[PDB]
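Notes follow once the structure below has been shown.
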Amino acid sequence: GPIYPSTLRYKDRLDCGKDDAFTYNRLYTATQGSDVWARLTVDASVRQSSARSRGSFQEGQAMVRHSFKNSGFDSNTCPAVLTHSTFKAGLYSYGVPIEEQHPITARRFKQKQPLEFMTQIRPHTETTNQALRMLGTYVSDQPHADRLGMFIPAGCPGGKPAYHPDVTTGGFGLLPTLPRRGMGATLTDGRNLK
Amino acid sequence: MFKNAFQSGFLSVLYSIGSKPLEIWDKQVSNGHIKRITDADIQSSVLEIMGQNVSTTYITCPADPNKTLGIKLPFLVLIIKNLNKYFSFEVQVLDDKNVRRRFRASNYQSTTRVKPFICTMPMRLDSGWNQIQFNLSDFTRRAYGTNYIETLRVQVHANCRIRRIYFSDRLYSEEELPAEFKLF
Amino acid sequence: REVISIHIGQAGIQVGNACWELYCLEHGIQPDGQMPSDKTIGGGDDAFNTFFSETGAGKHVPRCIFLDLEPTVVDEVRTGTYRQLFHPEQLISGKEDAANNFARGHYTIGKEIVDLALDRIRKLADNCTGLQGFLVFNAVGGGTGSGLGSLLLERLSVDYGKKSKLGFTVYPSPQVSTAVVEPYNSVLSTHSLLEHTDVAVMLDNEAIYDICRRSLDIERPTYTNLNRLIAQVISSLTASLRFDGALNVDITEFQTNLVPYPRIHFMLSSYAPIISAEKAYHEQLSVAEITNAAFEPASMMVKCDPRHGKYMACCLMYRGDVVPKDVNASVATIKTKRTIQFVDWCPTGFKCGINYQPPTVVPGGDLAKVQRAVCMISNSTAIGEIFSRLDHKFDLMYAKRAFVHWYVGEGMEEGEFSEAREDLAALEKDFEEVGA
Amino acid sequence: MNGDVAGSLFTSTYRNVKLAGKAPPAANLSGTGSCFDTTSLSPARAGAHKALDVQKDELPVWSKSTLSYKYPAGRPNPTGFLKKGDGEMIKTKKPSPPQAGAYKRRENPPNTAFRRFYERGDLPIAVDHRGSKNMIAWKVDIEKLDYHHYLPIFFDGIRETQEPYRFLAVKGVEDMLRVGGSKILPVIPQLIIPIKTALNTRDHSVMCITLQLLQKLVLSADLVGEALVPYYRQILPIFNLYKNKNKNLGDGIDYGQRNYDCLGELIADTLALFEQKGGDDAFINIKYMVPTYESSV
Amino acid sequence: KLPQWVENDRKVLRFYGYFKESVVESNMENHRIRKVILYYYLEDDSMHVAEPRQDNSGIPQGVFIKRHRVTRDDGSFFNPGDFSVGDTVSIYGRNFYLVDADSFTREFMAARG
Amino acid sequence: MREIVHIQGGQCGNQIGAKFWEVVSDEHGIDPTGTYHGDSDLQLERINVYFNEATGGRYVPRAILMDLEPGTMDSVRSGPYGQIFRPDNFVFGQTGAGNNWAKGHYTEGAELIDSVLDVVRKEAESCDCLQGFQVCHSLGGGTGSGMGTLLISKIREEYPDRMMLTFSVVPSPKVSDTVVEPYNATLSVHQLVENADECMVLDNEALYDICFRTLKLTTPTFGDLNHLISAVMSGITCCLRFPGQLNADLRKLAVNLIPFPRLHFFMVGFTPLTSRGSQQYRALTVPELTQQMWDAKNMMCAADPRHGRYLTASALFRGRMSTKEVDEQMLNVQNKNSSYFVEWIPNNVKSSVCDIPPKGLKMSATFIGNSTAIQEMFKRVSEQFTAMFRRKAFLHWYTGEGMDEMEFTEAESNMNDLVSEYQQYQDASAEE
Ligand SMILES: Nc1nc2c(ncn2[C@@H]2O[C@H](COP(=O)(O)OP(=O)(O)OP(=O)(O)O)[C@@H](O)[C@H]2O)c(=O)[nH]1
Ligand SMILES: Nc1nc2c(ncn2[C@@H]2O[C@H](COP(=O)(O)OP(=O)(O)O)[C@@H](O)[C@H]2O)c(=O)[nH]1
Ligand SMILES: [Mg+2]
């Protein structure tokens, strides 16, 4: 029900007048409203209702995908899982080094969390039993202990510095690769292979 | 139709002797003609179906193409006289897996072909009048592993003289057949 | 994984000497028969093994025979550019033509050529080890393409049976035909072909005329422009047998997933994109629109409006730069469309196919170098309108017994005409009942 | 353990509809039409449980913040805006699987082969209409009729709840089970589908009738028990569903005993009869299907 | 200027090479040599390695690597100017020694430098 | 000690197994030429479960590849880590199933199953103590379903007491490759319920959703999905190959997840899975792993757990973690979502901790959900199957090869009663 005859087409209202001059004489007299702003609001309402009658149209019918070199072979390739990465997790630096971080901070950081503290102190260790072994088993523990004010009882476990055969730390260690002690440049020594 | 009918040992769908024999049948004639005349050897009125193309002129049992009559009678019997022309007829059946099969008997073919929907077999006739028993159940059991349940429609083609086409439940003999169903 | 092709008729031979040129251009085999040594295209041997056979001396001969009755179309194959490509025994020519007579080429003339053609194809297949299945070419409106084109198929069926046979036939147009007796040959060939071939792809000359005039912008499309698209279609539907792909399909997939019932094997080919060099690069070709461009009736190789019918099953072959994600995305949106529809009993009727190698452009051709293309092969109930009209125009002639004296006078009788008529009527009823 | 399964049909139905006063379930009469004409066969299936729950938008959304599932925030509407004093009201201010119904009744439209073969009229069935519970007047003698063609027909008619059909089907099943001798064994593979279909529907009376019929089927034979053991995979699930359903009265006496309404003991008796009949390697399959069952020595 | 994939669509680099493979205890030999033909496509910079299928060798021969862009152990993909004759190329933890190049490849590198 | 024999059926199984073998080889440090080059001794003690040191530091997978199209094995041999497979394990036919379950189960089964059985028997008797076989295949095609199910059954009567894993993908409605998908799927799931010890439900639709939304990938080809599946399998099998604070092997998980023998279909999820740009900005603690693990949208199948109840569940943790965080998080999960766990089974979660995280990661997890919501997928497949079967569509392609409509009937009936028992076990109170 539009107040203004503007919305209707030409021959539509022409046929209406040919059929019924009755509605044909309201759609002109519908503008009898004194306030033009009110009639404009009603026109806005009828236009809005007509727009609501119409349905929305999506603008993404044709999907467009960027291609690196426009070849199916290239696009369908997935890179092979080839990594020379170190197997130990402790070798990677997931946190700030414990050395520079403040002593009391390291102390209460241990107090809330022993585990990752033990891992940071023992970068080479990989199993839980190795990391939570002892503060006296690893010779490198003592600098950390007396830097962070952790008392170390004497003779723990033994006076002779040793007893970590699995983990390669200090002077007790050898790479599983064929040129043990490292530096393999030929096939004769192994070239860092098995 | 025919679902509320008694469907006794005999059931006639078309008889050439009546006011409006082709009352349920739908006529489809082109390049042909249909008549009701009396023949010279049984002294009775028969219906005429002749067409230049056998596949063009025919009559189907149910007038409405969507609507199908249901007859459970195993045997279908037709009385036709051989004119030494091409003639054929087609019958649809329903099995227990609820699918529609078709059996078409043709006078002008030799091979017998079995297909999921249409089974065509050759059929021979003598010189004069003869009656034919179809035995729908046996054909359904032979061509397919299914069995006979319902017959949906029957349609006869051109170049034939049909009279008293009817269904039956047994292979009735000459003596025990009722008076109105014999040939002479 | 090797396939051999047999070409029957003057149209079959003309299609063959446009598909084999494309095959030679696809693997770099020069018309002399040997690949160049100074430079190579592509990589990976045994790609040509499905079409060519190597003699051990750097030679490649096609696995095809050109079969015809008139010795006038094979000669320019014997004297053309590809003189040395085809083995001389492969090209088979008769002495007298059947002259647009199905009965003549089926019974009188064809009986003297079928035996030696079978003898040749036997030892062609003997060289093969993993024969996938034969594929044929013929025009059912013609004479030799129908008579012996059906006799040879019957003898192949009785000789092998389980081997697949693909039929790429060119049916007569509804209104544009070059003969007057083509309905008779079409009916008498379709009746016998109805139970022998396993795959029967329809083709129409004037539909290809329309698509070439519109998409390719050619005001005078001749036969060479026609059969150059069928070559692309055949290459696309066999491209998975040669080159590797993410998602490949062989002929067995086609038979299993495009034949819902034994006698319902009649496919409506399509292709996309059919573009010219001028408009090829300005348009940003992508999977969505080319898949959409493959379903409108204005691009179907046969003028059979699929809007009237329903798709029981559809097949797709993607070549070039296509990933398995956008194909599924496009299939979803197409399924959400309402202009087309699928049959009730089949919820999913798509057999997708993804390959890697883009279609190869032929020099001096109509198409351009396109980075990805789609070759769609559907199966819709709309194809009942084709036989419904061809049968009517056949009955129009058969009512007067016109031209039957040429067939019957050869030595046949009138009964098989009527049995072919009723077989076509039964096919019409079968196509009608499956759409319920 | 009932002498006649059909001897309590009408009495139980009448008691339920009138004497007890409970509302009788009156459903699945859509499309039945009138009498003297065939029922319009609906393509619906009784056995299939076409629930297919569709929780389009009332599905709660998983919260990664707090592990508890939460419902999505309500859509703000323009009808309800922010009032003057609601600000102080704000200061002064649980998901579950929807149904997954397994014990609800499954619909069973009257589309069995029994019904069709009945309005067709090829069945030699008549009602004696005697003073006692009605028998069946057999037009042809029972011993000579073909069991392979008729037995699957009647077991498929057990599913009927319509008054004139279920009684005839049950009584025919009873009559051939009592009369048949050694000719039930070759046809027993064909009887799995109707029994399974009748068991799949969650109707109390239907389950009771089919359980009694199974008891008399396994009982009234010679070695049919050893042939039902491989088919335990398609019959025992309903037994598992309803094994423990039984009424408990603290010290009251169960009056509804002359009629076998409670299927809890019926399932136990059927499982036992399975155990003794064909007991060679029979406990393994039943225990595999029903884990709570115990050996009857 | 035209897109790369159409400028050189069929231009293919083709090199001849080999890589030794230490075979284990056998009266026949103590080490074997596997001839390989390396294909590089100028279109999309995709590699390809295949064997020439010696006649009486019991090794299963044929294609060696899918024709796809290979990535080196450290990073960025291969480049046409890294296939000199007489140099060692490292692909997938293997070292092929390029021995001879095709005439097309020879003239292409000569134009390149 | 414990050994896992790997079998792949169909082309999809071949790429899945290839990705699994590449990721496992990279985990154990062996290069594409089959030689060890790692730095940790932990990559040596338990490599016998997957590899056999032949001679001169050559490790070959204990895998048998099975297919019916030569292109598949040409691809798997040509691809990277393709020369590590022993050629004798390439048992193979010639013709091809052609997406026909009937063909791959009857017509090519009787000719090819002898050689696959021979080679798998030889491989099994080669090692000392079998832990169990692992089979990867698809439920859509013919050779993946028909051949694989028959092989699984034959191994079942040959080795009844040995474990059996089955990683099988199922067809999805939104991602439908072929037309006969329900026909093969119903028969395959019919064969799987009695033979396989348990099956893990996978599909390409859920993988696509996960890689679209979580990974935020632009072009996720099959490589990414196969990598996800391979990582899932590696996380599943990690407890066999590495030390941990709490161990849980295949048999432990099987006995802790299966309450009744017919309930052996599980939904699986993996975590963490973060975008490339967002990987550096987020931390590694148990709560973040748990939050993504239990998300209903993170499951790798089209079976929403929100529609059902959780019967049992597992959380296999890899990395240097705290057990207290583990069990308190799982307790919180159980308590907050008290209505989505079955009532008559308290403590519906089994947990385990492994000390070896995957390469490049600090923490990892793997979820095994035995929820009764898979009946949704089963009904979804069954409705399509019966829609096609009611009109006998495409039936001649199976009937003419030896089958009967009977087989389809018991297939749909057993699917129906399996769904019925799932419905039974979903809503059943502690007391009746
Ligand atoms: N698409 C296409 N159709 C062709 C071509 N040449 C002929 N045809 C079709 O073939 C029909 C003529 O029959 P032929 O192909 O010659 O087959 P035939 O029956 O053996 O006729 P003859 O060769 O003369 O014995 C025409 O109606 C055309 O529709 C062609 O080059 N391309
Ligand atoms: N995840 C994954 N799925 C695949 C892969 N290749 C194919 N598929 C799926 O497997 C289904 C088809 O399996 P199919 O090829 O018929 O297996 P077949 O029995 O061996 O022939 C399709 O729906 C694909 O989604 C792949 O490399 N990875
Ligand atoms: Mg010609």
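Following Swiss-Prot, chain C shows residues 2-437, kept in their order.
Structure determined by electron microscopy, 3.1 Å.
Positions of Cβ are set from backbone N, Cα and C atoms, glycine also.
According to Swiss-Prot, the active site annotation covers C:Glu254, on the basis of similarity to another entry. Here Swiss-Prot flags C:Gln11, C:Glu71, C:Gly144, C:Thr145, C:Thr179, C:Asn206, C:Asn228 as GTP binding site, drawing on similarity to another entry. Residues annotated as Mg(2+) binding site in Swiss-Prot, with similarity to another entry given as evidence: C:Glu71. If you look up Swiss-Prot, you'll see C:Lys40 marked as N6-acetyllysine, on the strength of experimental evidence.
C:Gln11 (GTP binding site) and the residue listed as 'active site' have their C-alpha atoms 31 Å apart, to the nearest angstrom. Taking only the Cα positions, the spacing between C:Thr179 (GTP binding site) and the residue listed as 'active site' is 37 angstrom. The secondary structure of the residue listed as 'active site', as reduced to three states from DSSP, is helical. Less than 8 angstroms from a Cβ of chain E: among the recorded positions C:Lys40, C:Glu71, C:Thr145, C:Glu254, that describes C:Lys40.
Highlighted here are the recorded positions (C:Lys40, C:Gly144, C:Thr179, C:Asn228, C:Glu254) whose C-beta falls below 6 Å from ligand 1: C:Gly144, C:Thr179, C:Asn228, in sequence order. Other Cβ atoms within 10 Å of the Cβ of C:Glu254 (active site), summed over all protein chains shown, number 24. C:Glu71 (GTP binding site) sits 37 Å from C:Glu254 (active site), counting Cα to Cα. Listed in sequence order, the recorded positions among C:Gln11, C:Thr145, C:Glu254 whose CB lies under 6 angstroms from an atom of ligand 3 come out as C:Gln11. C:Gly144 (GTP binding site) is surrounded by 29 other CB atoms, counting those within 10 A of its CB over all protein chains shown. Proximity to chain F, defined as a CB-CB distance below 8 A, holds for C:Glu254 out of the recorded positions C:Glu71, C:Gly144, C:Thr179, C:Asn206, C:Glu254. Each of the binding-site residues C:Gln11, C:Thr145, C:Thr179 was scored by how many other Cβ atoms lie within 10 Å of its Cβ, and the smallest score goes to C:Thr179.
Of all the binding-site residues listed here (C:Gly144, C:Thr145, C:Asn228), C:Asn228 has the Cα closest to the Cα of C:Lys40 (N6-acetyllysine). According to its DSSP assignment, C:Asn228 (GTP binding site) is helical. Comparing C-alpha positions, the residue listed as 'active site' sits nearest to C:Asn228 among the binding-site residues C:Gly144, C:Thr145, C:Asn206, C:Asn228.
Its own atom aside, the Cβ of C:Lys40 (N6-acetyllysine) has 17 Cβ atoms within 10 angstroms in the protein chains shown. In this structure, C:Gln11 (GTP binding site) is part of a helix by DSSP. Spread of the GTP binding residues is 22 Å (greatest Cα-Cα distance among C:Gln11, C:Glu71, C:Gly144, C:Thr145, C:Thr179, C:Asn206, C:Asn228). In this structure, C:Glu71 (GTP binding site) belongs to neither helix nor strand by DSSP; it is coil. Between the candidate binding-site residues, C:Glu71, C:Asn228, the densest Cβ environment within 10 Å is the one around C:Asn228. Of all Cβ atoms in the shown protein chains, 22 besides its own fall within 10 Å of the Cβ of C:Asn206 (GTP binding site).
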